[PDB]
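Everything on this sheet refers to the single structure shown next.
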Amino acid sequence: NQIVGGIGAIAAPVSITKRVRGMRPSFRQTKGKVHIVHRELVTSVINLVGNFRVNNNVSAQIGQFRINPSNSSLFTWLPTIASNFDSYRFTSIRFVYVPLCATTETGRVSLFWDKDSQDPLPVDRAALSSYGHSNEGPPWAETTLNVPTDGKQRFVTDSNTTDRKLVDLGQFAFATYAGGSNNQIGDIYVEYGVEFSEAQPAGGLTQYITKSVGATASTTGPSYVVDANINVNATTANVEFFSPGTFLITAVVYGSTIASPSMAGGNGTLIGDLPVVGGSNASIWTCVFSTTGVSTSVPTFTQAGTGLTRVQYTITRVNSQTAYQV
Amino acid sequence: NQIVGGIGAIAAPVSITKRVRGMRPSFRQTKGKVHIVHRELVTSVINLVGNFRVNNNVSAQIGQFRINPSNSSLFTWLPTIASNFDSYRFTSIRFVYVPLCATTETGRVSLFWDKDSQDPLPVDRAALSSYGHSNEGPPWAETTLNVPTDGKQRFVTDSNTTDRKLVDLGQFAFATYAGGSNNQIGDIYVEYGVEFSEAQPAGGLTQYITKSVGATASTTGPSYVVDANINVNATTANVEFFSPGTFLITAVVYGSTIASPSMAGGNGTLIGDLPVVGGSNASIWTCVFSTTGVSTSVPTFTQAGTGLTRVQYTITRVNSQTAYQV
Amino acid sequence: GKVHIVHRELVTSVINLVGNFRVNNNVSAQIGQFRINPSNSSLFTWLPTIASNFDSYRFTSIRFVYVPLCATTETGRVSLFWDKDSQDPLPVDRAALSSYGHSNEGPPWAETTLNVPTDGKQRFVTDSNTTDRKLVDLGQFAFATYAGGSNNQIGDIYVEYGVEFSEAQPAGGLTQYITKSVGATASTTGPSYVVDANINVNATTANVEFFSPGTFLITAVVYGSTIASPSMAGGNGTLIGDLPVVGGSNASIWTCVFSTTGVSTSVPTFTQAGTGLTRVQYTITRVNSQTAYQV
Amino acid sequence: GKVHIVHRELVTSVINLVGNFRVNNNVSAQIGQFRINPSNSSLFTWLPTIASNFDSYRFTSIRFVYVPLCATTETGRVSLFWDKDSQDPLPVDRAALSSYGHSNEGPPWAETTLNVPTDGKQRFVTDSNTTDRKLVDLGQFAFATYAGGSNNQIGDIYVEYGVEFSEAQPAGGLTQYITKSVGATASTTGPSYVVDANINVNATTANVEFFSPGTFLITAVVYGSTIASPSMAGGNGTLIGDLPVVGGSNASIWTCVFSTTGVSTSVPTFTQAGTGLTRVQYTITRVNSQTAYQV
Ligand SMILES: [Ca+2]
Ligand SMILES: [Ca+2]
Ligand SMILES: [Ca+2]
Ligand SMILES: [Ca+2]
């Protein structure tokens with residue numbers, strides 16, 4: 001209760017941390033608009049040593065916390081009920097950072113908001129500091145930013161909508177530029193109040209991406225993945241995720257002879273059987289698996305093959321007890 | 001305005017029909033319970049001549065209007081937002097039948113409610129008349145039934161739950177036993193007010209059924225299909241739907257040599273490409289298509305094959321612009 | 001500085017089938033295609049001849065009505081609905097359309113209206129370039145029918161609007177330019193009178209039919225080997241002029257003025273035969289009946 | 001006619017990893033496995049020795065607490081949540097658990113509680129037969145951890161309940177009967193102390209470890225070719241008795257009394273070698289320390 005002498009001074013403890021409760025969502029209707037407020041987390045920030053890095057990976061994949069109720073990577077409970085509406089408006093939203101490391105962890109972190117959604121995620125240390133809404137902060141003290149709202153209603157991303165910039169409240173991000181260690185530091189909570197209007201039949205929750213050696217990116221659906229998948233001719237069909245959760249996939253390739261997908265030795269763990277067939281001109285392989293984060297080498301599938309023409313996947317989110325013949 | 005003589009009598013017009021408007025849903029919260037009232041249709045009743053028939057087909061497939069917010073076959077807008085909750089309660093629900101044929105169409109129809117959900121859908125003409133809640137009626141006049149509610153809260157069917165009888169408000173059905181012609185007659189509207197409680201992460205909307213020559217029915221997910229798919233050894237892998245809408249499928253078989261799926265010549269139309277590969281020991285074929293009703297012979301896929309061991313499908317609901325390489 | 005017109009015009013007919021579910025009178029539903037926008041010539045038919053002389057608009061109030069045409073003894077359910085973004089996919093079963101917030105069903109022998117809510121913002125008219133075509137529209141309209149018991153025209157739908165244009169652009173015209181070859185389809189240019197459906201390969205195969213009403217002036221060139229004459233009779237649309245034609249060895253050019261009612265049937269409108277063909281072009285304008293090629 | 005006990009006991013420890021997301025201290029999460037029910041011996045540890053002498057229950061009030069055990073310098077996030085049906089699937093990423101309506105996170109150096117709401121209906125206790133096991137439970141509890149930076153036990157969780165049993169049944173006991181063969185798994189019978197994870201094939205392979213705390217009495221028979229002695233040392237759990245053993249040609253029977261702390265490590269608890277094996281059986285009871293095989 002009493003800190004030892006002297007008096008009236010600044011004291012630095014070993015750790016400070018708020019304790020949180022999982023409050024329920026609460027609804028409210030008003031003039032045909034349904035209003036819902038809730039709080040959940042997004043991710044936990046991890047730092048490197050001696051290297052600038054933003055959003056837990058070095059490629060940093062522009063977007064990826066695109067603030068929009070259809071985005072599953074940021075909101076984890078909102079988008080499965082936001083697919084019943086075609087318009088929204090944020091009435092209040094703030095990002096809360098709460099630490100979970102000791103005071104002896106070093107490396108000053110930051111989190112910030114941009115208004116558009118294709119500014120290519122800065123690399124210089126000085127370019128981070130000059131956003132209009134940010135918080136410089138040490139990695140052991142809580143920091144919160146508000147992000148300003150509008151009156152304009154936007155759309156809730158049911159189609160491809162390639163100029164995905166007029167329908168977004170902005171973009172959220174965070175970065176670290178010192179350190180330290182290679183541990184978790186804290187986790188970012190977001191609490192928010194939204195509106196919805198003009199109810200709709202339920203849209204899909206299934207991504208369909210295509211990739212040949214060319215146009216990247218002829219995709220549709222909610223971006224569980226984005227254009228980060230490597231194939232040229234060689235032992236090259238690499239898929240890796242960044243969004244957490246557990247998914248149901250189905251793949252189809254084309255070209256010369258192939259091999260089996262070697263998922264072992266990387267992120268994400270099997271849960272079923274993954275039946276596979278092919279090896280002459282095309283092959284199909286479906287699976288179901290869970291994954292956690294994360295940024296690392298030797299990515300999550302490394303389908304080799306010999307000489308390839310096209311590849312295309314379908315991704316959908318599903319629980320545990322949906323796998324194959326167990 | 002004035003009917004010709006005589007006066008004070010009963011007059012039979014050529015047709016009577018109400019005109020309806022597509023009212024929006026409306027929400028309300030109260031003590032942590034979200035209350036939503038809405039009206040939509042289910043199907044349109046079609047009759048045969050000289051044969052008793054119930055729910056537009058002769059096999060009649062027990063269940064199939066199982067009154068439960070997870071059932072997509074009855075409610076078409078409710079289940080995509082009812083997958084965010086684990087408990088419900090109906091506060092008011094009635095089924096409204098509105099005619100759309102002339103007075104010269106004959107064959108007296110009926111619709112009724114049962115309290116359990118495995119009574120095997122009667123075949124005798126006399127057994128139809130003695131349900132506790134029903135309406136005998138001619139095919140040209142509107143008839144409505146209420147269905148009584150409880151205070152008991154039930155579950156919203158996120159798992160297999162093989163005794164699917166304690167979690168349902170009952171079962172809805174309708175039948176015709178005379179006629180007439182082979183035309184549409186009317187369509188059944190349902191208006192309803194529900195509650196929900198104890199919000200949840202969004203469950204899946206994807207069915208996974210399995211079938212070998214044996215246990216039927218080792219399934220999961222929302223029953224877009226039910227155990228109606230024929231395979232024994234021979235040119236036998238037949239799938240046909242009854243629920244309307246448009247779907248994304250993926251199939252996988254096992255056994256001896258096979259052939260291509262001949263979807264042409266029946267219900268349901270192609271929309272994409274349906275890539276297919278296999279023909280030695282197993283084969284994969286996915287597709288995407290829309291279908292309307294309906295009960296007829298030569299069912300919707302007739303995958304032939306030569307000698308088969310297992311078959312298993314995955315079904316999910318998705319819009320139009322999701323097909324393959326167009 | 002802002003004009004303000006009020007008018008009530010025709011959209012299209014409706015055609016039901018024997019007990020299925022169709023949206024906007026075709027299968028596969030053609031995503032979009034009735035995005036409500038003053039340059040969309042496929043739904044308005046008097047408006048876009050003056051919306052080509054402007055750039056912005058704002059619908060101040062708009063309703064869609066449905067008047068009957070059939071006898072009172074014909075079964076049916078017609079429905080009218082409106083999604084507020086232009087490329088959400090259209091529904092595929094009759095169970096889905098109860099979920100739309102602005103819907104109104106009814107029997108095919110009675111009148112049926114619905115409003116559609118507006119907002120005080122201004123948009124653009126040009127749609128040849130905007131991909132996505134999503135923020136330049138006020139919504140998307142579609143009708144659907146689900147019963148028997150015939151294949152006849154059982155009504156039509158009319159709009160009743162009020163617009164506010166501003167800052168005029170010069171009138172480029174209303175002509176189309178529809179090229180086509182045995183391959184990629186179809187590289188249109190202009191308004192959308194007609195359509196990404198005109199069958200032709202190499203055989204007795206050069207077919208064009210319409211689906212919008214009105215009187216028209218078309219020119220067409222063909223290419224390839226020997227071309228036969230266009231026998232327009234037997235299908236929709238009636239000749240009003242002279243139908244001049246020339247050629248038959250490498251190319252054949254022919255103009256026509258006619259009017260079509262739109263409703264369809266088998267054996268489509270023009271149907272040139274030819275012998276072996278490469279490509280075809282079409283220019284379609286809307287113009288009245290006095291401008292006929294005299295004999 | 002209705003008894004009413006109030007007690008506060010232990011559930012299990014918690015163990016975090018270096019920056020991943022784990023639920024209930026394993027990967028693949030074992031759907032169910034903490035369904036809160038007075039016969040579920042895997043979470044309660046004093047309650048089900050008297051819930052075997054009843055048939056119905058009603059939790060009148062129940063909360064779950066979490067006390068710390070680690071130093072204040074260790075990073076982490078622990079969380080406690082509750083779904084009200086027993087076989088909704090467990091989440092797989094840390095983003096999902098913000099959506100549960102009854103959740104409470106916190107740092108691993110501070111205390112954390114959560115309530116769980118009750119209702120005035122009575123259920124059953126027996127779970128060996130009810131498929132589905134869904135209406136016989138009051139819910140499903142699970143914890144999760146998502147940070148670094150160690151692999152040490154960083155706390156444990158305790159319940160604090162109040163029950164109302166009624167209409168007693170006769171006490172059958174608390175023994176298990178775990179058969180196993182090189183094939184189908186595993187045909188348990190009784191409470192769930194332990195577990196569908198006990199590795200054995202034919203080689204130096206007959207492994208059983210526990211994950212619940214407490215002191216136990218186990219008997220075991222084996223079959224096959226030559227069996228070696230169980231070398232219990234080196235792993236979790238310490239011997240308290242004499243460990244008698246016999247056999248080594250076709251079968252070997254051996255009893256043991258011990259206690260284990262539950263927390264785990266490598267090199268599991270018993271680990272018989274053997275030479276070539278067919279099947280194995282286990283009977284597990286919970287009993288105190290005075291009943292040791294004397295020397
Ligand atoms: Ca949309
Ligand atoms: Ca559930
Ligand atoms: Ca201009
Ligand atoms: Ca008993």
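Going through the structure tokens in order, the chains are called A, B, and so on, while each chain numbers its residues from 1 and the ligands are numbered from 1 in the order shown.
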Subject >> Selection: 7 Å around residue 146 of chain A, only C-alpha atoms, excl. self and same-chain fewer than 2 positions, as a ChimeraX atom specification >> reply: /A:93-95,144,148
Nearby polymer residues, ligand 2, at most 12 Å, only C-alpha atoms and all ligand atoms, as a PyMOL selection string: (chain A and resi 319) or (chain B and resi 69-70+82-88+154-161+167+197-204+221-222) or (chain D and resi 83-90+134-135+139-140)
Fit chain B to chain A: least squares, all C-alpha atoms, paired in order; write the output as a short mmCIF file (atom, residue, chain, number, x, y, z; two decimals) with C-alpha atoms, in the first residue's frame.
data_model
loop_
_atom_site.label_atom_id
_atom_site.label_comp_id
_atom_site.auth_asym_id
_atom_site.auth_seq_id
_atom_site.Cartn_x
_atom_site.Cartn_y
_atom_site.Cartn_z
CA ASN B 1 0.00 0.00 0.00
CA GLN B 2 2.89 2.33 0.84
CA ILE B 3 5.95 2.75 -1.35
CA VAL B 4 9.22 3.14 0.57
CA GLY B 5 10.94 6.53 0.60
CA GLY B 6 11.13 9.05 -0.71
CA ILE B 7 7.71 10.67 -0.93
CA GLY B 8 5.86 12.41 -3.74
CA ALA B 9 8.06 10.82 -6.37
CA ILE B 10 7.82 8.68 -9.49
CA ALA B 11 8.02 4.95 -8.87
CA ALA B 12 8.56 2.22 -11.44
CA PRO B 13 7.08 -1.16 -10.50
CA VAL B 14 8.00 -4.57 -11.85
CA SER B 15 4.84 -4.88 -13.94
CA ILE B 16 1.51 -3.18 -14.49
CA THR B 17 -1.41 -4.80 -16.30
CA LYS B 18 -5.16 -4.33 -16.39
CA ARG B 19 -7.48 -7.26 -15.77
CA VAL B 20 -10.29 -7.57 -18.32
CA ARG B 21 -13.67 -9.28 -18.52
CA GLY B 22 -15.37 -10.71 -21.57
CA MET B 23 -18.40 -8.44 -21.73
CA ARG B 24 -21.34 -9.57 -23.83
CA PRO B 25 -22.41 -7.71 -26.96
CA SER B 26 -25.49 -5.56 -26.63
CA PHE B 27 -27.93 -4.59 -29.35
CA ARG B 28 -30.20 -1.59 -29.83
CA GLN B 29 -32.49 -0.59 -32.67
CA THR B 30 -33.35 2.99 -33.58
CA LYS B 31 -35.31 4.14 -36.66
CA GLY B 32 -34.55 0.95 -38.55
CA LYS B 33 -30.84 0.97 -37.71
CA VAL B 34 -29.39 -1.76 -35.50
CA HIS B 35 -26.67 -0.57 -33.13
CA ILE B 36 -24.19 -3.01 -31.57
CA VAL B 37 -21.23 -2.39 -29.24
CA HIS B 38 -18.61 -4.99 -28.31
CA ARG B 39 -14.95 -5.46 -27.36
CA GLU B 40 -12.50 -8.10 -28.53
CA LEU B 41 -8.81 -8.55 -29.26
CA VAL B 42 -7.01 -8.67 -32.59
CA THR B 43 -3.51 -10.11 -32.06
CA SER B 44 -0.49 -9.99 -29.77
CA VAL B 45 2.51 -7.91 -30.80
CA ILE B 46 5.86 -9.73 -30.98
CA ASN B 47 9.16 -7.95 -31.56
CA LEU B 48 12.48 -8.69 -33.19
CA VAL B 49 15.83 -7.32 -32.08
CA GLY B 50 17.60 -4.50 -33.90
CA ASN B 51 15.23 -4.39 -36.87
CA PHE B 52 12.26 -2.24 -37.76
CA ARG B 53 9.19 -4.35 -38.37
CA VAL B 54 5.47 -3.68 -38.71
CA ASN B 55 2.45 -5.96 -38.04
CA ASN B 56 4.51 -9.02 -37.03
CA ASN B 57 6.08 -9.70 -40.44
CA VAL B 58 8.60 -8.06 -42.73
CA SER B 59 6.66 -8.16 -46.00
CA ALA B 60 3.85 -6.45 -44.05
CA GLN B 61 1.18 -7.10 -46.74
CA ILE B 62 -0.60 -3.77 -47.28
CA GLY B 63 -4.09 -3.80 -45.87
CA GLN B 64 -4.50 -6.76 -43.48
CA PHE B 65 -6.07 -4.70 -40.73
CA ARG B 66 -8.35 -2.83 -43.12
CA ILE B 67 -10.97 -1.47 -40.76
CA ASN B 68 -14.27 -2.71 -42.17
CA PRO B 69 -16.90 -5.01 -40.59
CA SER B 70 -16.28 -7.62 -43.27
CA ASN B 71 -12.63 -7.99 -42.27
CA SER B 72 -12.14 -11.20 -40.32
CA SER B 73 -8.51 -10.44 -39.50
CA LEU B 74 -9.41 -7.59 -37.16
CA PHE B 75 -12.93 -8.28 -35.92
CA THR B 76 -13.48 -11.91 -35.03
CA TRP B 77 -17.14 -11.91 -33.99
CA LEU B 78 -18.57 -9.03 -36.00
CA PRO B 79 -18.22 -10.30 -39.63
CA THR B 80 -20.35 -13.39 -39.26
CA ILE B 81 -23.32 -11.18 -38.40
CA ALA B 82 -22.24 -8.24 -40.54
CA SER B 83 -22.82 -10.31 -43.66
CA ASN B 84 -26.55 -9.70 -43.22
CA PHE B 85 -26.35 -6.00 -44.03
CA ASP B 86 -25.13 -3.75 -46.83
CA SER B 87 -24.26 -0.56 -44.98
CA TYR B 88 -22.58 0.44 -41.74
CA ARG B 89 -21.23 3.38 -39.78
CA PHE B 90 -18.85 3.45 -36.84
CA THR B 91 -20.07 5.66 -34.04
CA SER B 92 -17.17 5.20 -31.60
CA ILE B 93 -14.00 3.12 -31.87
CA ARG B 94 -10.72 3.05 -29.97
CA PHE B 95 -7.74 0.71 -29.89
CA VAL B 96 -6.45 -0.20 -26.43
CA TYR B 97 -2.98 -1.62 -25.87
CA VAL B 98 -2.44 -3.48 -22.60
CA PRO B 99 1.03 -4.79 -21.68
CA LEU B 100 1.90 -8.25 -20.49
CA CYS B 101 5.69 -8.17 -20.12
CA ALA B 102 7.94 -7.09 -17.29
CA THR B 103 9.55 -3.69 -16.94
CA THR B 104 12.90 -5.18 -17.96
CA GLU B 105 11.63 -5.70 -21.51
CA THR B 106 12.81 -2.92 -23.79
CA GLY B 107 11.98 -1.54 -27.21
CA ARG B 108 9.52 1.31 -27.67
CA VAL B 109 6.40 0.36 -29.68
CA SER B 110 3.70 2.35 -31.42
CA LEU B 111 0.31 2.04 -33.04
CA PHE B 112 -1.37 4.37 -35.48
CA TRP B 113 -4.28 4.97 -37.85
CA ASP B 114 -4.28 6.00 -41.48
CA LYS B 115 -7.27 7.35 -43.37
CA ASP B 116 -6.82 5.67 -46.75
CA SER B 117 -6.06 1.99 -47.30
CA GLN B 118 -3.26 1.77 -49.83
CA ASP B 119 -0.49 3.77 -48.19
CA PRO B 120 2.33 1.24 -48.37
CA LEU B 121 3.17 0.81 -44.66
CA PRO B 122 6.30 2.83 -43.89
CA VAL B 123 9.81 1.46 -43.52
CA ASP B 124 11.85 4.44 -42.28
CA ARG B 125 11.86 4.98 -38.53
CA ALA B 126 11.05 8.67 -38.94
CA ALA B 127 8.07 8.04 -41.21
CA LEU B 128 6.31 6.16 -38.43
CA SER B 129 6.31 9.09 -36.05
CA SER B 130 4.43 11.57 -38.21
CA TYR B 131 0.99 10.04 -38.55
CA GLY B 132 -1.88 12.23 -37.44
CA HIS B 133 -3.13 9.74 -34.86
CA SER B 134 -0.54 7.66 -33.02
CA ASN B 135 1.05 6.89 -29.68
CA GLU B 136 4.74 6.53 -29.12
CA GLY B 137 5.10 4.33 -26.07
CA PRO B 138 7.37 2.06 -24.10
CA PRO B 139 6.55 -1.66 -24.23
CA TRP B 140 5.46 -1.81 -20.58
CA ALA B 141 2.82 0.92 -20.30
CA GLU B 142 -0.72 1.04 -21.64
CA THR B 143 -1.50 3.39 -24.53
CA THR B 144 -4.82 4.02 -26.28
CA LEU B 145 -5.74 5.86 -29.46
CA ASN B 146 -9.12 7.00 -30.57
CA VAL B 147 -9.85 7.03 -34.29
CA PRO B 148 -12.28 9.65 -35.62
CA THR B 149 -15.66 8.71 -37.03
CA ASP B 150 -17.85 10.18 -39.76
CA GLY B 151 -21.50 10.35 -40.68
CA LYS B 152 -20.92 8.77 -44.06
CA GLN B 153 -22.25 5.26 -44.60
CA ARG B 154 -20.09 2.78 -46.48
CA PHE B 155 -20.54 -0.74 -47.85
CA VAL B 156 -19.72 -3.98 -46.10
CA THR B 157 -17.63 -5.66 -48.83
CA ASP B 158 -19.68 -8.44 -50.38
CA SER B 159 -18.01 -8.28 -53.79
CA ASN B 160 -14.57 -7.98 -55.37
CA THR B 161 -14.65 -4.10 -55.38
CA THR B 162 -11.04 -3.70 -56.54
CA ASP B 163 -10.71 -0.04 -55.46
CA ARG B 164 -11.21 -1.13 -51.86
CA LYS B 165 -10.58 2.34 -50.48
CA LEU B 166 -13.87 4.29 -50.54
CA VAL B 167 -15.64 1.68 -48.42
CA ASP B 168 -13.26 1.69 -45.47
CA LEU B 169 -12.92 3.81 -42.39
CA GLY B 170 -9.16 3.64 -42.80
CA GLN B 171 -6.40 1.25 -41.78
CA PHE B 172 -5.01 0.16 -38.44
CA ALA B 173 -1.40 -0.87 -37.84
CA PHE B 174 1.31 -1.17 -35.21
CA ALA B 175 5.07 -1.52 -35.25
CA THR B 176 8.17 -1.97 -33.11
CA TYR B 177 11.60 -0.53 -33.82
CA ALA B 178 13.93 -1.54 -31.00
CA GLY B 179 14.45 -4.36 -28.53
CA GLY B 180 15.00 -6.41 -26.68
CA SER B 181 14.01 -10.03 -27.09
CA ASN B 182 11.81 -12.21 -29.29
CA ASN B 183 8.86 -12.56 -26.94
CA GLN B 184 5.27 -11.44 -26.86
CA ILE B 185 4.88 -8.00 -25.31
CA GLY B 186 1.21 -7.07 -25.19
CA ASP B 187 -2.06 -7.48 -27.01
CA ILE B 188 -4.30 -4.92 -28.66
CA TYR B 189 -7.96 -4.69 -27.73
CA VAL B 190 -10.51 -2.90 -29.87
CA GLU B 191 -13.84 -1.73 -28.51
CA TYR B 192 -16.29 -0.30 -30.98
CA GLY B 193 -19.86 0.67 -31.64
CA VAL B 194 -21.34 0.19 -35.11
CA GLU B 195 -24.59 0.63 -36.95
CA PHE B 196 -26.12 -1.41 -39.72
CA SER B 197 -28.89 -0.75 -42.19
CA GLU B 198 -30.77 -2.26 -45.13
CA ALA B 199 -30.88 -5.96 -44.27
CA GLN B 200 -29.93 -8.53 -46.87
CA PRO B 201 -29.93 -12.24 -47.62
CA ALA B 202 -26.81 -13.73 -46.13
CA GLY B 203 -23.80 -13.43 -48.39
CA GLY B 204 -21.05 -15.96 -48.66
CA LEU B 205 -18.11 -16.43 -46.34
CA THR B 206 -15.85 -18.21 -48.79
CA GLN B 207 -12.79 -16.89 -50.58
CA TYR B 208 -11.85 -17.99 -54.09
CA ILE B 209 -8.42 -16.93 -55.32
CA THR B 210 -6.70 -17.74 -58.60
CA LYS B 211 -3.07 -17.56 -59.60
CA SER B 212 -1.15 -18.29 -62.75
CA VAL B 213 2.14 -16.76 -63.85
CA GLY B 214 0.61 -13.36 -64.50
CA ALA B 215 -2.49 -11.49 -63.23
CA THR B 216 -2.26 -12.01 -59.58
CA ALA B 217 -5.22 -11.63 -58.07
CA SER B 218 -8.34 -12.56 -59.86
CA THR B 219 -10.04 -13.16 -56.53
CA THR B 220 -13.39 -12.86 -54.75
CA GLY B 221 -14.90 -13.26 -51.32
CA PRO B 222 -13.55 -12.17 -47.93
CA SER B 223 -9.77 -11.94 -47.93
CA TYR B 224 -8.73 -14.74 -45.62
CA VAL B 225 -5.61 -14.76 -47.74
CA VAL B 226 -4.20 -12.06 -49.99
CA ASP B 227 -1.72 -12.22 -52.89
CA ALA B 228 1.04 -14.03 -51.02
CA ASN B 229 1.55 -17.41 -52.69
CA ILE B 230 4.58 -18.38 -54.72
CA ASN B 231 4.61 -20.35 -57.98
CA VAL B 232 6.68 -19.99 -61.10
CA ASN B 233 7.54 -23.27 -62.88
CA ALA B 234 9.59 -25.24 -60.40
CA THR B 235 8.84 -27.03 -57.12
CA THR B 236 6.73 -23.98 -56.37
CA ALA B 237 3.22 -23.88 -54.96
CA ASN B 238 3.54 -22.29 -51.53
CA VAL B 239 0.58 -21.18 -49.42
CA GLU B 240 0.87 -19.62 -45.99
CA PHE B 241 -1.73 -17.87 -43.87
CA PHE B 242 -1.56 -15.01 -41.43
CA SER B 243 -5.11 -14.91 -40.15
CA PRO B 244 -5.68 -17.15 -37.12
CA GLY B 245 -8.33 -19.80 -36.94
CA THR B 246 -9.24 -23.11 -38.51
CA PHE B 247 -10.22 -23.55 -42.12
CA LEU B 248 -11.55 -25.90 -44.79
CA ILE B 249 -9.64 -25.79 -48.05
CA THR B 250 -9.83 -27.40 -51.48
CA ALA B 251 -7.06 -27.07 -54.05
CA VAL B 252 -6.77 -27.74 -57.77
CA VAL B 253 -3.64 -27.36 -59.89
CA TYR B 254 -2.69 -27.83 -63.54
CA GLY B 255 0.35 -28.66 -65.61
CA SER B 256 2.92 -31.46 -65.64
CA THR B 257 3.42 -34.15 -62.99
CA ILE B 258 3.15 -33.17 -59.34
CA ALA B 259 3.87 -34.50 -55.85
CA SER B 260 1.95 -34.72 -52.60
CA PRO B 261 1.51 -31.58 -50.47
CA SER B 262 4.10 -31.70 -47.67
CA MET B 263 2.38 -29.68 -44.97
CA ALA B 264 4.69 -31.02 -42.24
CA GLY B 265 7.52 -28.82 -41.06
CA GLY B 266 5.87 -25.44 -40.73
CA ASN B 267 2.96 -23.44 -39.41
CA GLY B 268 -0.44 -25.04 -38.99
CA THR B 269 -1.35 -28.57 -37.91
CA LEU B 270 -3.41 -31.28 -39.58
CA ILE B 271 -6.71 -32.36 -38.09
CA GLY B 272 -8.18 -34.89 -40.56
CA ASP B 273 -6.84 -37.08 -43.36
CA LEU B 274 -6.27 -34.83 -46.45
CA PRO B 275 -7.19 -37.18 -49.30
CA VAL B 276 -5.08 -36.53 -52.38
CA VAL B 277 -5.33 -37.80 -55.95
CA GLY B 278 -3.57 -36.90 -59.19
CA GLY B 279 -0.09 -36.76 -60.60
CA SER B 280 -0.49 -36.74 -64.38
CA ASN B 281 -1.93 -33.46 -65.66
CA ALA B 282 -3.89 -32.07 -62.73
CA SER B 283 -4.49 -32.94 -59.11
CA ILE B 284 -6.98 -32.21 -56.35
CA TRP B 285 -6.27 -32.15 -52.64
CA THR B 286 -8.57 -30.94 -49.90
CA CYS B 287 -7.80 -30.66 -46.21
CA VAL B 288 -8.90 -29.06 -42.97
CA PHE B 289 -6.53 -27.60 -40.41
CA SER B 290 -5.94 -24.95 -37.78
CA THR B 291 -3.16 -22.41 -37.72
CA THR B 292 -1.75 -19.84 -35.33
CA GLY B 293 -0.16 -16.71 -36.72
CA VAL B 294 2.69 -16.68 -37.58
CA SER B 295 5.59 -15.36 -39.61
CA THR B 296 8.25 -17.96 -40.40
CA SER B 297 10.08 -19.61 -43.29
CA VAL B 298 9.23 -22.95 -45.03
CA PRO B 299 5.57 -22.03 -45.53
CA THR B 300 2.50 -24.00 -44.69
CA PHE B 301 2.01 -26.28 -47.65
CA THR B 302 4.95 -26.35 -50.17
CA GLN B 303 3.22 -28.28 -52.93
CA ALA B 304 6.16 -29.01 -55.20
CA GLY B 305 5.12 -30.18 -58.65
CA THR B 306 7.32 -30.12 -61.74
CA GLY B 307 5.92 -27.60 -64.23
CA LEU B 308 2.77 -25.69 -63.44
CA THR B 309 0.23 -23.55 -65.27
CA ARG B 310 -2.53 -22.47 -62.87
CA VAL B 311 -3.51 -22.90 -59.26
CA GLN B 312 -6.69 -21.90 -57.46
CA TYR B 313 -7.96 -22.41 -53.94
CA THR B 314 -11.15 -22.08 -51.97
CA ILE B 315 -11.03 -21.17 -48.29
CA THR B 316 -13.79 -21.27 -45.71
CA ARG B 317 -13.89 -21.00 -41.93
CA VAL B 318 -15.25 -23.99 -40.01
CA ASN B 319 -14.96 -25.53 -36.55
CA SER B 320 -13.12 -28.64 -35.38
CA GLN B 321 -15.59 -31.51 -35.81
CA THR B 322 -15.82 -31.27 -39.58
CA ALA B 323 -12.75 -33.23 -40.68
CA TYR B 324 -12.46 -36.35 -42.79
CA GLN B 325 -12.66 -40.00 -41.83
CA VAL B 326 -11.92 -40.09 -38.13
#
Expected selection as an MDAnalysis selection string for ligand 3 within 12 Å, only C-alpha atoms and all ligand atoms: chainID C and resid 51:56 124:126 166:172
Exercise. Hey, can you check how far atom CA of residue 40 of chain D sits from atom CA of residue 253 of chain D?
Worked result: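 If I compute the distance from atom CA of residue 40 of chain D to atom CA of residue 253 of chain D, I get 28.9 Å.
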_Set the distance at 8 Å and use only C-alpha atoms: which residues neighbour residue 116 of chain D once local chain neighbours fewer than 5 positions away are removed? I'd like the list as a list in words._
residues 61, 62, 63, 82 and 102 of chain D
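One finds atom CA of residue 177 of chain D at 5.3 Å from atom CA of residue 189 of chain D.
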Distance limit 6 Å, atoms considered: only C-alpha atoms. Which chain C residues sit that close to chain A? Return them as a ChimeraX atom specification.
/C:99-101,132
